[PDB]
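I have placed the structure first, in the form of structure tokens, so that the comments after it can refer back to it.
There are 6 protein chains.
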Amino acid sequence: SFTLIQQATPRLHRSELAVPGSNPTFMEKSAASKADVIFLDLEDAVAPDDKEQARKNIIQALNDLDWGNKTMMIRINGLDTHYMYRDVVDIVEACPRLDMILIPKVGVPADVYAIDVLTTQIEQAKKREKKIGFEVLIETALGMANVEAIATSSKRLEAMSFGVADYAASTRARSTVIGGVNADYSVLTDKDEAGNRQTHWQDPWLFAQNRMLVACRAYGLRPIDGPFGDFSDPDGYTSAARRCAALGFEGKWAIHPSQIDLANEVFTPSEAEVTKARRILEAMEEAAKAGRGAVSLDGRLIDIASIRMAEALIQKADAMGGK
Amino acid sequence: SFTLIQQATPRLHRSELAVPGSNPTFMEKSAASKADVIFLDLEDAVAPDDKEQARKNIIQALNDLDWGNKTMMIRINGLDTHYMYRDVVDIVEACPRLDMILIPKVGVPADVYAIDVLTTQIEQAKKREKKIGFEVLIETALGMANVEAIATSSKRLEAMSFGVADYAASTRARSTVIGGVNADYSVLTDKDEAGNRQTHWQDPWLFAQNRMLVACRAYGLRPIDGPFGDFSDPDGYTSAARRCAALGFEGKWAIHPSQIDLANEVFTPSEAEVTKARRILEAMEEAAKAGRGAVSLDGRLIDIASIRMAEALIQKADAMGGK
Amino acid sequence: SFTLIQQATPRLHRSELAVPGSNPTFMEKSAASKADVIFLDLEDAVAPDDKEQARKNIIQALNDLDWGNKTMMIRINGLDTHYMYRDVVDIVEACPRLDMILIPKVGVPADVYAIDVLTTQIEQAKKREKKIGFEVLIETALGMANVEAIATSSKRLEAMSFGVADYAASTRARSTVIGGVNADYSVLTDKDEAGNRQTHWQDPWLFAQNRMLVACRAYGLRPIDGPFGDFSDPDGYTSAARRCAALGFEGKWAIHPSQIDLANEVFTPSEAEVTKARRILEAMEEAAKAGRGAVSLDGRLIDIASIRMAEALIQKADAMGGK
Amino acid sequence: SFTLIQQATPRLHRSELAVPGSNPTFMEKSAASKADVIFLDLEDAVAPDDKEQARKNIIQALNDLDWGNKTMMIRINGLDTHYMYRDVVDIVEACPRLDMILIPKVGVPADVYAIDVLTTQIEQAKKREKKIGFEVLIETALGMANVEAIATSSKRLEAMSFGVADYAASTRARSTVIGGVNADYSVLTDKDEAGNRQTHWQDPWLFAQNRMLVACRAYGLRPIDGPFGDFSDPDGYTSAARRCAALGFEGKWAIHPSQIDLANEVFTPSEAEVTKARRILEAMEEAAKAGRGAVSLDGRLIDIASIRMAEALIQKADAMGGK
Amino acid sequence: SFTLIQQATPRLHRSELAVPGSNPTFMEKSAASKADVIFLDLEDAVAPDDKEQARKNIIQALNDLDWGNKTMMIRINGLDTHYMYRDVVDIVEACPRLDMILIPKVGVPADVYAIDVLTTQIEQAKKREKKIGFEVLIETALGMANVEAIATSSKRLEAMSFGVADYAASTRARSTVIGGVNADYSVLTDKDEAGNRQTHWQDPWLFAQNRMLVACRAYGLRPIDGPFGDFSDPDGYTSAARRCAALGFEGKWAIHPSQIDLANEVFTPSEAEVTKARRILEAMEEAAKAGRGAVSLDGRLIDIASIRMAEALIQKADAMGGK
Amino acid sequence: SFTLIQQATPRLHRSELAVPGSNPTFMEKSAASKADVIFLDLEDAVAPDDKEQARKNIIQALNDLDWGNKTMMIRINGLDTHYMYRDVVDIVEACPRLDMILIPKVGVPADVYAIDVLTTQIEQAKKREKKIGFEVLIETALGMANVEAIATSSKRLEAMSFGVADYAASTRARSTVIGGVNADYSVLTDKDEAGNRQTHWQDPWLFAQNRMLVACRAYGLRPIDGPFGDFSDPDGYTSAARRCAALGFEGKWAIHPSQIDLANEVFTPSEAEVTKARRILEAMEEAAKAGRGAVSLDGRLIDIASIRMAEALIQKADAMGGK
Ligand SMILES: [Cl-]
Ligand SMILES: [Cl-]
Ligand SMILES: [Cl-]
Ligand SMILES: [Cl-]
Ligand SMILES: [Cl-]
Ligand SMILES: [Cl-]
Ligand SMILES: [Mg+2]
Ligand SMILES: [Mg+2]
Ligand SMILES: [Mg+2]
Ligand SMILES: [Mg+2]
Ligand SMILES: [Mg+2]
Ligand SMILES: [Mg+2]
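Chains as they are written, first to last, in PDB author numbering: chain A, 2 to 324; chain B, 2 to 324; chain C, 2 to 324; chain D, 2 to 324; chain E, 2 to 324; chain F, 2 to 324.
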């Protein structure tokens, strides 16, 4: 294409740990974890009567605890709720350590614009060097119906998470569990020569995951898979993780500490894909040494979109090496 | 999201029985059936030379027969055909009992607008209390390509049906049967350690069903699955029904009387989902008793989109209770 | 619908053979092959340092070799690269035999517009009777995100090919092979009564193929599946071909000569679908004999969209008969 | 531009006479007039209680009177009113003489689509050779805000009329007269060296007329100016007519018989513009004699848009010659 | 049209007085003025170093002074500036008396959305009965280029003001004065028979005013003209006011107390237009007495858009009567 | 607004001289002129049979003559014509001195995209430091109807010229002269107390000029007025120039050498506007010295859009100083 997209800021994002702001002990324990990204939650996991205190707890946690080089985020309240403006104002004013805001229930691009206006103004007032990035949750049918447009809604936007349980609720999917599969979401084969019919299970989230993936990959964002509720089923977690990784997802939520190592292992890039990326970068250097505008590797032209992907993958591999 | 959608009129729609207008005996028998919704057909099931008479038959049937509290609909002829304007004019003028119009082959939002103009004018002339609702058939590749836009095309719009057989024809899918699965729409696994390769069947309608579902659920409509042709295969019907129900579909067509009970059973909401909805409504009442703007259930904020879903589900459960 | 689309020029397109322009011997051998469509490649298969010569080779091959009635195409370089304008100018100026241009990596409708401007001007200068047609490659996440818009981007546009390997690269799908399936892109079933869990493989390209199919079928284009890399696995090729054919795809690439017969066999229309189309055409003639505007077959109205599909299928069947 | 628009059907349209359907005597007298275009009105000039009879009157007038080669139109009731569907159905069914429908108060493109659906179906039923054309009234702020989109809303669309009095009402312009100027819509000059300030009158309809003109001329339609109410002021009529003619308008309404000759005289094309158009057509013939793709006149390339304008102007000049 | 727009909340808005928040004495004096609408300014008239205090001053003024039944507004800082979020949060939290927010420099619809999100959340927190309305300033070329889209950007939106001086700056118009005319923005006539050429002055703001007017009147908003700087020139003020009133503008800014009476006098509706509106309302009552859906006045159908305009004008006339 | 536009490359553009490529003597004489910008024409002024030679002439002129620091442009042939691709390829390949391309008859944004693709590829091949800029001619009703969209069509786009004579032809305006005014484009005043009626001339190009101006000023481009044909009427030229300058236009075409000094004089910025811009830049420096994010001048906040305008004006003033 003649149309070129710039990749978002290239962070390592294999594991995304959710931590309720209402639990300072859990926040403290999380600061020493192996998660790549942590969000401190003001939204779904925090009861209304606890939201004001959780906000205070999070300010203290972001300012006092040692988070290392983790990408630190908050999940703000919904735009449809009165809590949100104080989440953004109080925390962004008080907490230089904050890296990102996770905006829930995003439905249309203007939702993201709204948060960009507010965030920008606070950063202007505080004379901030760091600029906050955004992650959006696609966790409703409305957001899914507008996902491609949402993907281009802010220069801050870096990533989208698939909120599977809230998406199920929004679509009225038959789901009593967070994530997972369903014996009813299956095909019954036509009778074979023996008179037999098999039941082959299908993926209830295939459509959602692929559509969000395409939006992310078209427009330079990280595609992240959401929560998996069955803490007693690491095999099921790992299957779900490997399935979305196979599509191109870059990471997955952890909502129980056991899930952190599982996500980290699955979403580590292969040695081979890192090596290919490194060879692309050396082929770029070669083209510059030769005075040649076109980059070639193993007899193939490597185009600018492909160079940009290679640069992003290397930044991620390099982060792993220094963790 | 800050963007809020109003749910369509909340009807019970588990089973949708198709009845040709060319058969007054079948229409009479259908009036005593257990279908939730009936459409009297002027379109696909009626030969051109029979369309004028079928129109007359339907006027007589809507005016004379006892349909109970069924949602009564007509499937009008295609907008590309000369029959349609007389279908709408003659029946809407003559038949106060009519509840809805099923518009076939919808391709773009302006198709729906056109029917809204005509329907509105006739209702104005007749000084009608009741306002007719619309259901649209997504049964062509054109309609599927525009489904999200179609979903917002009229305040009358309540529901979309996936016309699987006509959709197959439009896409040139290999299909000689109405609905069902296909041994060729399958994956051949890579050889395992024993040298073996399995054939795992896939869902040829997954993309179509999910895209239409997302449009419906984003914009407040009922997602309805279309016909299944093999009357000798209730197990296959039930599998197809349970599979789309698992996604969030609300009902399915019956094109043979045996299919009515099968659809009714599958698309009845679970006791648990009705109970959750009832508890949401009591949590709303609680918030009002306490003077609190935010509704809480089991320690979780229940947002306005979720309240609106609960209200719709209850209206549907209540209808079942009075049938 | 009241909105009507005109079908593209109706070519037989079961097999699409890729031939590198850097290999004149391979080009010569390809001219005697059984492929329906051949593209002479200047892009992915040709190293940068060989592109200028490949352009010359292709001019000689198009002018000198006997291609029969094959649809002859070139795959031009990417719009993001300096080679492209000379590909179009030099070949279109010199080579009346050329039938079509395959535009790679298409991202937005204006990419196609750009090639239409250039192609048109050269045809105006050369006073050409024949008008070149376009095929577009949807082989990036950007193109997939804009596929519906791309489908309406030029009166020359006839077909879209799904570039599976480049699409995988763009989406960061885990893929070291061109096409095929993936043991990780699978679901792990919930434990049954015996404590057992099965692994049911899913289709990593279902979303992509279906979305591109819908765009094509909505807007009158041929949907074509891209390359399959495992030349040692005809069973896998045939499975992949039959799977997309079941959806409605019309043909598939051959990147090794063995794949030509496999594609030709799979994408031949059934005797039954050709017979139905022929009966539609005779029903049209019947309606004209009777003075009737509506066409009827076996008691069903056959609408204009359906007539147009029948006419296209017959043109394709007729081509097979004369090959 | 590479984007090319097809001109509408090229009718002579200098004068457009409005005749109320409630007055059969006036309709009879109008049939012998010198108007180019006549619309028989069911809308603004006909009281509600007279609309049903006016419809009958118009059917009789269109079928019985001798209208010559006039372009014969009806102004249907508003889409927001119950009268309209019977206007279209009854008259189009009964009256082959009808040439066009004037759609009032058009606000959005889908308004035009709606009338195209209904009109098409009736024409299909009646097996009509002639296809009815459309004229739209831009007579509200809504329509003006959407005029460019309305201009591309139907293949039937030929012309737009600026409904000045209804537009004034919609905008709350201070206007007690149909059309004309306003001493208050003026500028007061800054004091000159003598201390004097002049009042220079401005054109209250400049914006409206120019915006509608641009939409028409971009998209191949006739721009027509609406009514002027002061029958005692032919000088004012002629000034208003010459002012919009200077912009490129092609005709103007007559709402009193005296205005017909005034419009005909003003909107006759100059001898010079007809001669230039004729020379363009002979230059086209010259290019064909020489085997040259580019047309040249007096040393200037004459492009396809300019040829199409010349062809339209000649068709209009030829009509005048045969009147 | 079949598309119907709801009118904004119908306030009397002849005069709009600008009062800097940095001047508590001027605010006090303004509370006893005859202005219909007052905005307390935090933006253009307040130096950066005074903005924090002006915010405090305005809170005190809104809470303590007697504003009568005036529509009370604040002009917040620009969205591009850090002051704005504290303007909205502090004042909306503290000041139930506030009626509206005037949003400056609006460029795109999402600017308005952003303020709607923030305003809504604060109102939710405060459990407000009253809902704040919005006025937007169209005072840049960007806003003018997007004015039609801005007009539909919020259910709160009631009015647009043409910020002539800031618009001039944005367009680089030659303007050293706020508003007014320009000897250079004139036409030099062609020589007449005496050899003479006149200079006829044109309206430099005609395009801007008319485009904004059309957006407002299409979408149910009040069109308001902005400031006029020459306090020594009431004749020029009155000319400018009468000129935009003639188009349909509903009011004008006062930036000096002398301008209040001038705006009030010019933008009072005529006795005749109020009488017509009253007769429309009595014709509506008549139609209801007769059981007739169509409203008729003096032999003309009065449509719903026209009824809605009449209702709005009466609400405004009634307000004047009670002032 | 929160939406921010980047200004185009800031060139001095008071005078734009048109020089036919068919006249090498005129090209030589033009190189020593006082024009700011020169376009060497391949389009309107060059007969078809002379276009191939004019292309060669221009290559020689751009490579051999001394153009000083003039902005050097070519007016390429229309996209609808076969000449264009060779204009771009041959000249851009051969002529590093070229600064810009003037694209004629632009109708839609994709026209500009097309030229951006071709231009970019040639620049890539030639390994150019300089990047060519674009100017577009808005000289048709189609382009005027799409002008706002065209304004955002390429990062190369710097300027739009109003092609008055071609625009008149496209709109069918009564115009036998290039530019100028029209006694018929006038208002006839209502009789005064003496029985008199005046004729006040209006501006036939007001709508066009203002709409194009708004598009330019919204999106960071230079608005340039087109040709004036009456070389014997410098007073009329100067009036036309001062009239568009008053709106904010930045320059005007010269099509006769006498017009160069007239344009240069009119479009020189005032001493006062340059001084204000310089004071803005010193206020920016002041804010940086004080550590303050907001810039203040004379008690007013100077926003980023206003800073960017000031920077552009200064770059232009500085250019004048070094000419
Ligand atoms: Cl979730
Ligand atoms: Cl079907
Ligand atoms: Cl590929
Ligand atoms: Cl009117
Ligand atoms: Cl202002
Ligand atoms: Cl011109
Ligand atoms: Mg959630
Ligand atoms: Mg059907
Ligand atoms: Mg490729
Ligand atoms: Mg009217
Ligand atoms: Mg301002
Ligand atoms: Mg021109």
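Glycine is no exception: its CB is placed at the ideal position from the N, C-alpha and C atoms.
*State yes or no: is the C-beta of residue 138(E) nearer than 8 angstroms to some heavy atom of ligand 11?*
yes
*So does the region 280-292 of chain C actually touch the region 310-323 of chain C, counting three or more Cβ pairs closer than 8 angstroms?*
Verdict: yes, contact present.
*Check residue 282(C) in the structure and name its three-state DSSP category.*
helix
*What residues in the region 203-236 of chain B have a beta carbon less than 7 angstroms from any beta carbon of chain C?*
203, 205, 207 and 208
*Would you kindly report the start and end of the unbroken beta strand (DSSP E) that includes residue 252(B)?*
252-255
*CA-CA distance, residue 34(C) and residue 17(C)?*
11 angstroms
*With 16 other Cβ atoms within 10 Å as the buried cut-off, status of residue 189(D)*: Residue 189(D) is classed as buried because its beta carbon has at least 16 other beta carbons within 10 Å across all chains shown.
_Let me see if you follow: with CB-CB separation under 9 angstroms, is residue 304(B) close to chain A or not?_
yes
*asked:* Beta-carbon within less than 8 angstroms of residue 181(C)'s beta-carbon, same chain only, minus the 5 sequence neighbours each way: which residues are those?
replied: 229, 230, 231, 237 and 241
*When Cβ atoms are compared, which residues of the region 286-304 of chain F fall closer than 7 angstroms to chain E?*
294, 295, 297, 300, 301, 302 and 304
*Report buried or exposed for residue 177(C), applying the criterion of at least 16 other Cβ atoms within 10 angstroms of its Cβ.*
exposed
_Pair within 9 angstroms by beta-carbon distance, residue 62(B) and residue 85(B)_ = no
*Looking only at C-alpha atoms, which of 57(C), 51(C) and 158(C) sits nearest to residue 7(C)?*
158(C)
*Taking Cβ positions only, does residue 22(B) come closer than 9 angstroms to chain C?*
no
*Local conformation of residue 60(C) per DSSP, three classes*: helix
_Rounded Cβ spacing between residue 79(C) and residue 165(C) (contact assumed at less than 8 angstroms)_ = Contact doesn't hold; Cβ gap of about 18 angstroms is too wide.
_Counting only Cβ pairs nearer than 9 angstroms, list the residues of chain C close to residue 118(D)._
Correct list: 3.
*What separation, rounded to the nearest whole angstrom, lies between the Cα atoms of residue 12(B) and residue 135(B)?*
12 angstroms
*For the beta strand (DSSP E) holding residue 17(B), just list the boundary residues, first then last.*
Per DSSP, the continuous beta strand (DSSP E) segment holding residue 17(B) begins and ends at 16-21.
*What separation, rounded to the nearest whole angstrom, lies between the Cα atoms of residue 21(B) and residue 174(D)?*
56 angstroms
*Completely contained alpha helix (DSSP H) runs for the region 138-182 of chain A, where each covers 4 or more residues*: The region 138-182 of chain A contains these whole alpha helix (DSSP H) runs: 142-146, 148-151 and 165-172.
_At a CB distance below 9 angstroms, what residues from the region 61-93 of chain B approach chain C? Give them in sequence order._
Hits within the stretch, in order: 78, 79, 80, 81, 82, 83 and 84.
*Euclidean distance between Cα positions of residue 155(D) and residue 71(B)*: 39 angstroms
*Cβ of residue 169(D) less than 9 angstroms from any chain F Cβ?*
No - not a single Cβ of chain F is within 9 angstroms of the one on residue 169(D).
_Determine, for residue 258(A), whether the minimum Cβ-Cβ distance to residues of chain E falls below 9 angstroms._
Not closer than 9 angstroms to any Cβ of chain E, the Cβ of residue 258(A) fails to qualify, so no.
*Secondary structure at residue 212(D), three-state DSSP: helix, strand or coil?*
Residue state, collapsed to three classes: helix.
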